[PDB]
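Remarks on the structure that follows.
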Amino acid sequence: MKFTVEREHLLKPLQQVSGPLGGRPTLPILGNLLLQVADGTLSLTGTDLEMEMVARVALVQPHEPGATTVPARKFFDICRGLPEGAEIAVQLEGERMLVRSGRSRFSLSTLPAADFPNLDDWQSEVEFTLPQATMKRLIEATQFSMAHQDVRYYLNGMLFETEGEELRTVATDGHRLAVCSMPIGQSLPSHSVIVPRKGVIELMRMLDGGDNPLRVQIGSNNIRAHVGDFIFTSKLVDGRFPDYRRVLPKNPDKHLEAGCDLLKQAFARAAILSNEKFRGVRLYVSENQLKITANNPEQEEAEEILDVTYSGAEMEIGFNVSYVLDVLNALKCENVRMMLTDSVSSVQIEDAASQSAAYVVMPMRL
Amino acid sequence: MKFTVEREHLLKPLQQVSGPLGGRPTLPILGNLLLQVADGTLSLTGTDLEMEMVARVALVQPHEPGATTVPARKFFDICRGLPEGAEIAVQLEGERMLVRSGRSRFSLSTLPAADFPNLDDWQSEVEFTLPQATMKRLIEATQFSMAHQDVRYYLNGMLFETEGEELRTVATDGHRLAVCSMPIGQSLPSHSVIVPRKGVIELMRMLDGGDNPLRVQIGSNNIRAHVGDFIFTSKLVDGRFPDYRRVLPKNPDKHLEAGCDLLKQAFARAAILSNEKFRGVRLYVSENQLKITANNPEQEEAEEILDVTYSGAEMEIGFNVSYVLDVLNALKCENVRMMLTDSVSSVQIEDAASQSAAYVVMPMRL
Amino acid sequence: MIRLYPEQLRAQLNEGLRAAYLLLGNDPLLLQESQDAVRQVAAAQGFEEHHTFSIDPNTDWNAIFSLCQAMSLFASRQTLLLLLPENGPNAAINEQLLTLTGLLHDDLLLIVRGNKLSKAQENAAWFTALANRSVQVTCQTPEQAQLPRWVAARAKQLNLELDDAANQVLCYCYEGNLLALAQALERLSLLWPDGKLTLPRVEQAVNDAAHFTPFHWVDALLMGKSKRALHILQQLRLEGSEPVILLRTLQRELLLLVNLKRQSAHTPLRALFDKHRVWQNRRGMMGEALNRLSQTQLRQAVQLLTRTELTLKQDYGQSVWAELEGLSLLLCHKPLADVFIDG
Amino acid sequence: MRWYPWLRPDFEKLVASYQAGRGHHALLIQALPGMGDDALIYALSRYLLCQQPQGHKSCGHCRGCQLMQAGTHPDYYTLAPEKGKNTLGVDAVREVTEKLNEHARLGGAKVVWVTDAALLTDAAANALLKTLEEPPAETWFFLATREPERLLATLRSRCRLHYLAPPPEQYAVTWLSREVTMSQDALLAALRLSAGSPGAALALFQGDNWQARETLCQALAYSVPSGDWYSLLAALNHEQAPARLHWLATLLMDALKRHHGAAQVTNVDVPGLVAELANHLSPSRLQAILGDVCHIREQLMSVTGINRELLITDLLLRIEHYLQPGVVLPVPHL
Amino acid sequence: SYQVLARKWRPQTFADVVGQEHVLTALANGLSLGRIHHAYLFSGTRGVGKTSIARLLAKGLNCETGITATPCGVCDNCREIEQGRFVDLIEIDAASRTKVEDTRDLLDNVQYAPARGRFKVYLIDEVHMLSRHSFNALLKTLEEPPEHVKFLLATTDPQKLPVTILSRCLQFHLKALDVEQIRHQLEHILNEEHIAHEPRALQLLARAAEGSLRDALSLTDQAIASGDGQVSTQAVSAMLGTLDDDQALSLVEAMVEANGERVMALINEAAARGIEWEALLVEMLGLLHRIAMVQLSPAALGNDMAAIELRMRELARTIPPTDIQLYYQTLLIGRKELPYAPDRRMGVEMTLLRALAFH
């Protein structure tokens with residue numbers, strides 16, 4: 001194995017691929033990046049088995065086919081720590097990988113790759129090329145309820161529902177749910193799949209910009225992406241977890257549009273010396289006003305008064321205020337329309353440009 | 001009690017002073033800052049039982065006899081969350097110090113100013129002023145050679161002694177010392193002014209070009225420092241500050257005029273496949289060049305070739321690179337001549353360019 | 001608070017949503033049984049969200065939802081098993097216990113399995129406001145006496161005949177061990193094709209998942225059977241028994257024998273065997289030993305017992321196994337008398 | 001306990017001494033912490049920490065005193081045992097100690113006093129050796145024990161001992177009497193039974209201990225003739241068994257005294273009973289027996305897993321065995 | 001606070017420390033020669049001279065006159081040695097520390113070589129405390145540590161200290177200090193001190209110093225503290241609870257008289273003053289020993305019960321050997337068993353009771 005890359009070329013893959021392998025996750029070899037000069041290519045691959053990130057780097061710069069695997073860090077850092085552009089002459093030289101800088105030699109420890117597992121490519125039941133932005137539109141304005149972990153099974157990844165042209169995400173943790181949907185127009189045989197969280201992240205890391213039109217292939221097993229040289233495959237839990245349809249304010253009646261941010265601020269101020277037990281702020285919300293009794297058990301209250309375009313019955317509805325900033329902010333939205341229930345149900349925080357984008361939290365009183 | 005303040009005015013005072021606040025096993029009201037808007041200044045005490053940052057705010061804002069101590073932060077948070085400029089008025093009433101600035105109001109709590117345990121601050125003799133400019137170097141260069149868990153003296157401390165019109169300071173870890181020399185100062189008496197670990201930080205903070213120049217009444221007692229809207233004052237630990245002249249290598253003399261930076265880089269790289277414990281890089285500075293041979297016990301090796309105008313035969317000394325870089329970097333000087341005694345013995349490093357920052361670390365093993 | 005016996009748990013369970021169905025009792029068979037019945041009917045009752053979460057001696061507490069309208073992503077009532085501390089909920093616990101009483105315990109349908117609470121806990125406010133809605137299910141075990149009855153009803157759990165001849169022999173030998181006795185009846189039912197208990201059959205293969213109590217030995221000793229008692233101990237060895245136990249239990253009977261020997265040599269045997277205790281069957285063995293065992297010859301025996309006990313217990317001398325051989329004969333004095341140097 | 005008057009003169013010298021730096025900063029007060037040492041200790045810190053001000057005061061005034069009264073005196077420490085233990089661990093120690101290497105932190109000397117140094121741990125103690133020996137600036141250390149015996153020697157190598165016996169019996173009784181009603185014989189019987197320590201003497205009359213003392217006393221008078229001791233199981237079977245075990249001993253001993261002709265008893269709270277012991281029992285076996293009362297008292301405390309009862313019983317029978325002839329009658333040795 | 005003497009009485013040279021010549025010499029001798037171990041084991045009682053021989057050695061290694069039998073007083077290194085700070089030398093109480101943790105760290109720093117010292121010398125004291133692991137970790141560098149590094153082991157006890165450790169030290173067992181060695185050294189000392197010494201007290205202390213010079217020295221400081229100046233007999237006899245009385249034999253006799261009361265009532269009052277039982281005990285025992293000896297030879301004794309010699313004699317001969325052995329025995333066992341009694345006062349009464357029961 002032998003290649004020469006530039007530090008920078010390498011650098012994208014130097015992150016993508018390395019990133020979730022640093023942890024030396026799983027097996028060592030797994031926690032090593034596969035170095036593969038195979039051909040003129042130099043693919044990098046960092047499998048974990050939890051997601052995977054491949055970065056490719058085309059390499060015409062000196063290379064001898066072979067392969068090696070090196071820890072995710074050992075290598076990365078050296079290359080990075082190298083000055084830029086650096087022609088990182090990497091050589092499996094036996095079992096030390098001689099990483100040659102320019103007058104600073106380094107010798108990493110390298111096993112030739114000969115193992116290093118790699119994931120299911122499968123013909124992906126639905127495949128499509130994302131316009132990306134939607135991906136973040138959604139991604140950001142729906143990952144506030146996704147649990148990380150969640151014994152409520154697979155909330156720790158998102159609920160990739162394909163339904164028609166719309167791709168919907170749902171995350172929920174059980175008290176707060178978010179749906180944002182947008183449309184892709186990619187006629188996606190509906191399904192819902194829980195893709196590993198770690199996945200989501202890496203994805204988001206390879207969400208990339210430059211409207212990298214993110215190719216997706218959801219399977220059910222595997223799901224595969226293509227954003228540049230960064231091919232990311234995950235296994236999938238398929239499944240689904242609930243959606244907003246039900247969460248839905250029993251009163252849509254009450255409305256409350258107001259500027260996300262005035263509101264956010266209001267929340268933000270509100271949440272000060274507010275309830276330490278549940279972030280319960282009982283907002284008594286006039287038809288115009290919004291008045292947040294946020295007490296905290298330390299006998300400190302915060303009160304913020306501010307207009308709302310409020311409608312429907314002004315009522316104290318509690319909330320985990322904590323929830324509410326989360327989305328406010330993640331929600332790219334100006335006015336957020338609330339459509340409140342009285343506090344039995346959630347209130348409909350929606351995006352204005354809810355492309356079906358419902359962001360719903362249940363009451364939480366103090 | 002009904003004392004108004006200028007939000008902003010107070011805005012920076014609040015932070016300066018809360019940074020030195022509590023940090024003791026017992027830190028109740030140490031978390032609350034006291035304020036009295038004398039009407040003029042205010043107190044804005046943040047005691048630690050070790051250092052203080054009293055800020056004042058210049059403000060003329062009314063006051064009524066409201067001596068209070070309210071949670072530092074809560075109060076703070078509010079001020080900022082309230083518009084600035086905002087004439088942050090408060091009612092001290094029943095240990096409930098409310099804050100009102102517009103449609104936002106809050107009811108904070110208060111701890112009386114009566115049990116406020118404070119510290120020494122007394123008119124401290126001498127008056128001698130160093131600009132924050134160099135004072136900065138001075139603080140940077142030395143402050144990192146703290147070492148802690150002292151049952152023997154002050155490592156983390158630092159001593160202040162004007163040796164001459166200079167001032168010379170020292171903090172050391174016992175494994176590296178840092179002595180920077182600020183030509184400026186006065187000959188005006190030095191005093192047991194051994195400031196801790198913490199203080200030196202805020203001071204350092206009180207310099208940057210900014211604040212006023214830093215002025216000191218070096219008193220054994222306490223000293224009285226003048227920087228920012230604060231008044232920073234320690235009781236000083238009084239006891240010696242270990243030696244600092246001896247620690248200079250035995251004949252630091254080979255001049256290893258290097259660039260502090262390059263070196264700092266190279267050094268940074270070398271450590272990686274250097275010993276991974278102590279970070280004890282071993283050096284074999286090729287004359288005029290450099291050479292470094294690092295091995296991480298755990299395989300690997302790093303190598304550099306750099307330049308140092310170094311005459312006199314290979315310095316062949318290794319030291320803890322972990323210490324070193326620190327000084328390179330606290331060394332604002334980028335030609336740093338090392339005065340070593342080539343041989344596994346201490347190497348003094350000084351700025352080549354001044355002598356201010358002179359720094360000594362010690363070799364590793366024999 | 002209403003005490004219910006597990007078998008009658010349906011009465012309160014069913015009739016109404018009892019808040020804290022507090023299966024305090026201790027027979028695990030009874031506790032187990034009182035637990036699953038609430039749960040079963042609970043889970044069925046829309047409390048499928050069923051979680052178990054102990055209450056440490058630790059302050060503990062976690063899910064203290066008891067109404068908050070937080071859900072509608074997963075709305076329902078839930079139910080919360082609390083395994084109690086040793087004696088029951090302590091402070092913090094009690095506190096957050098008293099909170100729940102205060103609220104719909106909505107989504108926190110209390111199932112408090114455990115043991116008997118401590119008094120102060122039971123007077124502690126939490127255990128005061130549960131009342132009238134909760135159910136205490138005494139999950140405490142049969143006396144020797146009620147044991148056959150139970151056992152006999154319990155046979156029909158297995159429906160097999162069992163044999164009451166066998167029941168007894170189970171009631172004695174599994175005097176007080178419902179659970180294992182329940183499993184006892186199980187292993188053997190399987191073991192045969194027929195699985196029908198009856199005494200002959202239960203002799204051929206005996207459940208090696210259910211103990212042969214100290215009694216066999218000690219009782220054998222009562223009699224004065226100074227060899228019988230000995231044999232049961234050969235077995236109590238191969239069986240691995242902790243000596244502590246043997247001592248404990250032996251101590252139990254013998255001190256009972258002293259005291260009863262003081263008053264017995266003038267009070268009809270065995271009445272006292274149950275005016276105190278001394279199983280029915282032992283009572284005979286036991287009324288004898290008072291006559292056999294004259295309190296004096298009896299003294300030196302105690303002195304050796306104590307001796308061994310200490311040998312163990314302070315000294316961790318594991319030669320208490322040999323010390324007993326002495327004692328058997330020191331105490332019994334043989335079925336007759338034959339009291340000798342201590343050891 | 002409380003500060004009693006008999007803690008004062010100790011204090012004065014010590015502070016004097018302290019003030020003179022003749023008085024070593026170390027100090028050990030034999031006296032029970034039950035006979036007042038704690039307050040005495042703390043009275044010292046009161047002063048000592050505030051830097052020792054005034055000739056000798058407990059300090060009512062002083063910022064040191066008051067901040068120490070608030071305790072917020074950082075100088076100040078109370079340095080009790082560790083609570084994750086109940087003994088004064090090393091760690092507890094490691095801390096306060098190292099805080100004194102940062103000098104005074106709010107002035108006045110520090111006083112770092114152990115509540116009952118009787119209560120220290122070994123890693124703690126070992127730890128404290130060098131600090132009690134070696135004087136840190138402004139440190140006046142103050143330790144308390146039930147008796148000096150509550151501490152290790154190497155420590156005491158450096159302890160500047162300020163003895164402090166129990167105050168005399170009389171006063172210890174008058175002192176004891178003030179506060180517990182029941183005859184001075186019970187005060188004394190108890191006091192005496194306390195090795196004459198008040199602080200120690202006092203406890204007896206609390207609870208049903210001294211009533212149980214009596215209780216016990218009664219059953220026993222029955223026991224003794226009757227050769228049923230077994231009756232006594234309970235009277236002595238208690239959390240204070242050892243104590244009740246103790247109640248008893250001092251009488252057995254009084255009976256042997258009668259066996260050496262000696263009017264003298266330590267339980268002057270009944271001499272009849274005393275006589276009968278000697279009376280029904282040869283001293284040999286009285287003597288033998290006396291041994292064991294304590295021994296159980298020990299064992300009740302020592303044997304892991306030991307049936308308090310089992311032990312209380314065995315004993316009775318065995319006594320009962322002795323009263324009996326033929327049954328060999330010890331005397332204690334080997 | 002207020003200063004001590006013990007330390008202040010610590011060597012600079014071999015003399016300051018009384019005894020252990022085997023060690024002094026063993027030391028003077030080691031030092032001078034190349035017979036410098038980087039592993040020493042001073043095993044003696046607390047500041048008998050386990051710590052003293054260490055000091056001498058230290059100064060001598062970091063004698064800036066090399067390694068020297070005596071530590072060539074002044075050397076910077078030598079005189080700072082007994083003062084704070086002294087880089088070469090790093091000293092340690094493994095008492096406060098028990099942790100292994102403490103033990104690990106320690107091994108790491110030996111690397112850093114002074115920017116001016118000449119043996120990075122390490123002095124561990126109270127090593128016993130440290131855990132097993134702490135112990136075993138040391139074996140590694142007792143064998144081959146980096147250069148300059150030393151391992152002056154001083155231990156009170158090398159017992160909570162493995163075989164291998166001893167196996168790997170020069171163990172200069174500092175034997176104990178004769179009462180007299182002590183008395184003397186003290187006598188010498190106290191007298192140097194302005195305050196009138198006090199012979200009685202000197203002895204009172206000499207025996208009382210427990211074979212350790214440190215305490216000896218300690219005692220003294222303390223005696224002054226509570227005697228608020230001046231060593232005087234009485235303040236020290238009393239301070240020491242010591243009965244300079246013949247009550248030992250008085251009671252022995254009253255036991256022998258079958259005299260119950262006198263024996264007992266006397267102890268009880270002694271207990272109000274809490275009077276030391278032991279002191280009292282040792283004495284009785286001794287008398288008996290001698291008397292019997294006086295039987296053997298009322299001369300071949302190396303007896304110091306001369307004031308009562310005649311008494312001794314008198315006793316010795318009139319009481320058969322046998323019985324003398326026997327008295328001696330009874331009370332020896334009772335002493336043994338004295339403490340066991342929950343009043344202290346109680347244990348001694350028993351001892352005597354049993355004697356008094358013997359007669």
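Residue numbering restarts at 1 for every chain of the structure tokens, chains are lettered A, B, ... in their displayed order, and ligands are numbered from 1 as they appear.
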
Chain A vs chain B: Cα RMSD after least-squares superposition over all Cα in order?
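In short, the RMSD is 2.1 Å.
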
Distance query residue 85 (chain B) at most 8 Å, only C-alpha atoms, self and fewer than 3 positions along chain excluded, as a PDB file with N, CA, C and O atoms, in the first residue's frame:
ATOM      1  N   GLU B   6     -26.799  51.505  35.879  1.00  0.00           N
ATOM      2  CA  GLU B   6     -26.811  51.619  34.493  1.00  0.00           C
ATOM      3  C   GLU B   6     -26.439  50.244  34.158  1.00  0.00           C
ATOM      4  O   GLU B   6     -25.466  49.729  34.655  1.00  0.00           O
ATOM      5  N   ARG B   7     -27.304  49.605  33.365  1.00  0.00           N
ATOM      6  CA  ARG B   7     -27.295  48.217  33.049  1.00  0.00           C
ATOM      7  C   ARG B   7     -25.990  47.735  32.594  1.00  0.00           C
ATOM      8  O   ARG B   7     -25.370  46.871  33.197  1.00  0.00           O
ATOM      9  N   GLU B   8     -25.563  48.366  31.520  1.00  0.00           N
ATOM     10  CA  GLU B   8     -24.368  48.269  30.793  1.00  0.00           C
ATOM     11  C   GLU B   8     -23.228  48.497  31.614  1.00  0.00           C
ATOM     12  O   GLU B   8     -22.166  47.930  31.481  1.00  0.00           O
ATOM     13  N   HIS B   9     -23.410  49.557  32.382  1.00  0.00           N
ATOM     14  CA  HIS B   9     -22.372  50.175  33.130  1.00  0.00           C
ATOM     15  C   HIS B   9     -21.883  49.172  34.049  1.00  0.00           C
ATOM     16  O   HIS B   9     -20.700  48.878  34.203  1.00  0.00           O
TER      17      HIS B   9
END

Show me, as a PyMOL selection string, every residue of chain B with an atom at most 12 Å from chain D, counting only C-alpha atoms.
chain B and resi 24-29+47-51+115-121+148-157+194-197+221+234-240

Contacts of residue 232 (chain C) within 12 Å, only C-alpha atoms, excl. fewer than 6 positions in-chain, as an mmCIF file with C-alpha atoms, in the first residue's frame:
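Saved file around-v7.cif follows:
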data_model
loop_
_atom_site.group_PDB
_atom_site.id
_atom_site.type_symbol
_atom_site.label_atom_id
_atom_site.label_comp_id
_atom_site.auth_asym_id
_atom_site.auth_seq_id
_atom_site.Cartn_x
_atom_site.Cartn_y
_atom_site.Cartn_z
ATOM 1 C CA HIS C 211 -34.543 -28.224 51.574
ATOM 2 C CA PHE C 212 -34.513 -30.745 54.361
ATOM 3 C CA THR C 213 -34.640 -28.413 57.193
ATOM 4 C CA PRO C 214 -32.438 -28.515 60.339
ATOM 5 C CA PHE C 215 -35.458 -30.037 62.005
ATOM 6 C CA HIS C 216 -34.736 -33.489 60.802
ATOM 7 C CA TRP C 217 -31.566 -33.519 62.647
ATOM 8 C CA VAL C 218 -32.433 -31.531 65.656
ATOM 9 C CA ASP C 219 -35.730 -33.333 66.086
ATOM 10 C CA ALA C 220 -33.877 -36.481 65.713
ATOM 11 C CA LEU C 221 -31.937 -35.180 68.581
ATOM 12 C CA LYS C 225 -31.570 -39.818 68.639
ATOM 13 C CA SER C 226 -28.106 -39.125 68.861
ATOM 14 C CA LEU C 238 -22.694 -32.886 51.503
ATOM 15 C CA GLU C 239 -25.482 -30.339 51.132
ATOM 16 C CA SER C 241 -24.870 -25.970 54.632
ATOM 17 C CA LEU C 246 -27.445 -24.960 61.973
ATOM 18 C CA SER C 328 -24.917 -34.258 70.109
#

Using 7 Å as the limit and counting only C-alpha atoms, can you tabulate each residue of chain E that touches chain D, with its shortest atom-to-atom distance in Å and the two atoms involved, as a tab-separated table?
residue	atom	partner	partner_atom	distance
E:1	CA	D:25	CA	4.0
E:2	CA	D:21	CA	4.4
E:3	CA	D:24	CA	6.7
E:95	CA	D:126	CA	4.6
E:96	CA	D:127	CA	3.4
E:97	CA	D:123	CA	6.7
E:98	CA	D:123	CA	6.5
E:215	CA	D:157	CA	4.9
E:218	CA	D:158	CA	5.8
E:219	CA	D:157	CA	7.0
E:222	CA	D:160	CA	4.9
E:225	CA	D:23	CA	4.6
E:226	CA	D:162	CA	6.8
E:228	CA	D:22	CA	6.7
E:258	CA	D:260	CA	6.8
E:259	CA	D:260	CA	6.9
E:260	CA	D:260	CA	4.8
E:261	CA	D:262	CA	5.0
E:265	CA	D:264	CA	6.9
E:272	CA	D:168	CA	5.9
E:273	CA	D:165	CA	6.3
E:274	CA	D:165	CA	6.6
E:333	CA	D:333	CA	6.8
E:341	CA	D:294	CA	6.7
E:343	CA	D:195	CA	4.9
E:345	CA	D:195	CA	6.6

How would the residues just chosen look if you wrote them out with N, CA, C and O atoms as an mmCIF file, in the first residue's frame?
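Result file follows (out.cif):
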data_model
loop_
_atom_site.group_PDB
_atom_site.id
_atom_site.type_symbol
_atom_site.label_atom_id
_atom_site.label_comp_id
_atom_site.auth_asym_id
_atom_site.auth_seq_id
_atom_site.Cartn_x
_atom_site.Cartn_y
_atom_site.Cartn_z
ATOM 1 N N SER E 1 1.336 28.914 67.742
ATOM 2 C CA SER E 1 1.668 27.533 68.121
ATOM 3 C C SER E 1 2.754 27.419 69.224
ATOM 4 O O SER E 1 2.621 27.938 70.296
ATOM 5 N N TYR E 2 3.951 26.865 68.950
ATOM 6 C CA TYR E 2 5.145 26.892 69.771
ATOM 7 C C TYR E 2 6.086 25.698 69.520
ATOM 8 O O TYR E 2 5.686 24.585 69.738
ATOM 9 N N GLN E 3 7.380 25.920 69.141
ATOM 10 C CA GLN E 3 8.478 24.959 68.924
ATOM 11 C C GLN E 3 8.844 23.869 69.912
ATOM 12 O O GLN E 3 8.774 23.950 71.118
ATOM 13 N N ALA E 95 2.438 7.981 55.737
ATOM 14 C CA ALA E 95 1.583 7.806 56.825
ATOM 15 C C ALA E 95 0.235 8.291 56.396
ATOM 16 O O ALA E 95 -0.743 7.533 56.327
ATOM 17 N N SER E 96 0.184 9.613 56.091
ATOM 18 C CA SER E 96 -0.944 10.371 55.607
ATOM 19 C C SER E 96 -1.509 9.689 54.408
ATOM 20 O O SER E 96 -2.661 9.832 54.044
ATOM 21 N N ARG E 97 -0.623 8.937 53.758
ATOM 22 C CA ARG E 97 -0.807 8.273 52.534
ATOM 23 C C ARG E 97 -0.760 6.883 52.882
ATOM 24 O O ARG E 97 -0.192 6.449 53.874
ATOM 25 N N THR E 98 -1.569 6.189 52.146
ATOM 26 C CA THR E 98 -1.815 4.849 52.417
ATOM 27 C C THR E 98 -1.983 4.333 51.079
ATOM 28 O O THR E 98 -1.576 3.217 50.779
ATOM 29 N N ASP E 215 10.553 11.071 71.349
ATOM 30 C CA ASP E 215 9.684 11.322 72.407
ATOM 31 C C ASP E 215 10.337 11.880 73.562
ATOM 32 O O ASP E 215 9.779 12.716 74.233
ATOM 33 N N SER E 218 10.369 15.016 73.129
ATOM 34 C CA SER E 218 9.050 15.532 73.186
ATOM 35 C C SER E 218 8.493 15.832 74.525
ATOM 36 O O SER E 218 7.867 16.856 74.748
ATOM 37 N N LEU E 219 8.684 14.868 75.412
ATOM 38 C CA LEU E 219 8.205 14.833 76.729
ATOM 39 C C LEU E 219 8.485 16.010 77.431
ATOM 40 O O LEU E 219 7.689 16.661 78.080
ATOM 41 N N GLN E 222 6.808 19.327 76.433
ATOM 42 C CA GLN E 222 5.577 19.163 77.046
ATOM 43 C C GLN E 222 5.629 19.380 78.523
ATOM 44 O O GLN E 222 4.678 19.926 79.075
ATOM 45 N N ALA E 225 5.754 22.795 79.156
ATOM 46 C CA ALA E 225 4.540 23.455 78.755
ATOM 47 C C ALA E 225 3.546 23.564 79.854
ATOM 48 O O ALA E 225 2.831 24.549 80.010
ATOM 49 N N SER E 226 3.447 22.464 80.589
ATOM 50 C CA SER E 226 2.522 22.350 81.648
ATOM 51 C C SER E 226 3.142 22.545 82.972
ATOM 52 O O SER E 226 2.473 22.452 83.984
ATOM 53 N N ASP E 228 5.017 25.160 82.997
ATOM 54 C CA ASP E 228 5.195 26.488 82.544
ATOM 55 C C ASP E 228 6.558 27.005 82.801
ATOM 56 O O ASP E 228 6.749 28.081 83.356
ATOM 57 N N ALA E 258 -3.544 -10.763 103.447
ATOM 58 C CA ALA E 258 -4.845 -11.139 103.078
ATOM 59 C C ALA E 258 -5.675 -9.936 103.144
ATOM 60 O O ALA E 258 -6.879 -9.993 102.956
ATOM 61 N N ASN E 259 -5.023 -8.807 103.418
ATOM 62 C CA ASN E 259 -5.596 -7.530 103.542
ATOM 63 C C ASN E 259 -6.190 -7.150 102.246
ATOM 64 O O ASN E 259 -5.537 -6.809 101.286
ATOM 65 N N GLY E 260 -7.516 -7.181 102.317
ATOM 66 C CA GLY E 260 -8.363 -6.799 101.267
ATOM 67 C C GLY E 260 -8.523 -5.367 101.141
ATOM 68 O O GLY E 260 -8.440 -4.841 100.035
ATOM 69 N N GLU E 261 -8.971 -4.723 102.239
ATOM 70 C CA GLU E 261 -9.478 -3.390 102.150
ATOM 71 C C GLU E 261 -8.477 -2.390 101.759
ATOM 72 O O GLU E 261 -8.642 -1.740 100.744
ATOM 73 N N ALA E 265 -9.085 0.055 98.804
ATOM 74 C CA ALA E 265 -9.517 1.427 98.976
ATOM 75 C C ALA E 265 -8.516 2.375 98.445
ATOM 76 O O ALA E 265 -8.838 3.476 98.027
ATOM 77 N N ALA E 272 -9.183 8.262 91.343
ATOM 78 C CA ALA E 272 -9.789 9.564 91.265
ATOM 79 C C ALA E 272 -8.812 10.507 90.675
ATOM 80 O O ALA E 272 -9.188 11.421 89.949
ATOM 81 N N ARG E 273 -7.535 10.204 90.941
ATOM 82 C CA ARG E 273 -6.428 10.884 90.339
ATOM 83 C C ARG E 273 -6.034 10.044 89.163
ATOM 84 O O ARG E 273 -5.159 10.418 88.398
ATOM 85 N N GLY E 274 -6.745 8.949 88.911
ATOM 86 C CA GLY E 274 -6.540 8.048 87.819
ATOM 87 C C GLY E 274 -5.221 7.346 87.817
ATOM 88 O O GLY E 274 -4.739 6.999 86.746
ATOM 89 N N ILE E 333 0.183 -12.453 85.113
ATOM 90 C CA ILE E 333 -1.054 -12.712 84.493
ATOM 91 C C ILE E 333 -2.128 -11.716 84.770
ATOM 92 O O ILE E 333 -2.908 -11.401 83.894
ATOM 93 N N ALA E 341 -10.556 -5.346 82.028
ATOM 94 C CA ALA E 341 -11.535 -4.862 82.928
ATOM 95 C C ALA E 341 -12.112 -3.489 82.548
ATOM 96 O O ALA E 341 -11.286 -2.631 82.252
ATOM 97 N N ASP E 343 -13.479 -0.795 83.976
ATOM 98 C CA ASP E 343 -12.825 0.327 84.582
ATOM 99 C C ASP E 343 -11.381 -0.188 84.597
ATOM 100 O O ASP E 343 -11.097 -1.372 84.515
ATOM 101 N N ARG E 345 -9.088 0.619 86.658
ATOM 102 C CA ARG E 345 -9.132 0.544 88.059
ATOM 103 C C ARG E 345 -9.621 -0.827 88.427
ATOM 104 O O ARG E 345 -9.026 -1.523 89.238
#

Could you list, as a list in words, every residue of chain C that has an atom within 6 Å of an atom of chain A, counting only C-alpha atoms?
residues 68, 69, 70, 71, 72, 73 and 74 of chain C

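Between CA of residue 94 (chain C) and CA of residue 57 (chain C) there is a distance of 10.7 Å.
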
Report as a VMD selection string the set of chain E residues whose atoms approach chain B to within 7 Å, with distances computed over only C-alpha atoms.
chain E and resid 111 to 113 115 to 116 146 to 147

Could you pull the residues within 12 Å of residue 144 (chain E), counting only C-alpha atoms, minus those fewer than 4 positions along the same chain, as a PyMOL selection string?
chain E and resi 37-39+138-140+148-151+168

Compute the set of chain D residues within 12 Å of chain C, using only C-alpha atoms, and express it as an MDAnalysis selection string.
chainID D and resid 227:231 233 296 298:328

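When CA of residue 288 (chain B) is paired with CA of residue 336 (chain B), their separation reads 14.0 Å.
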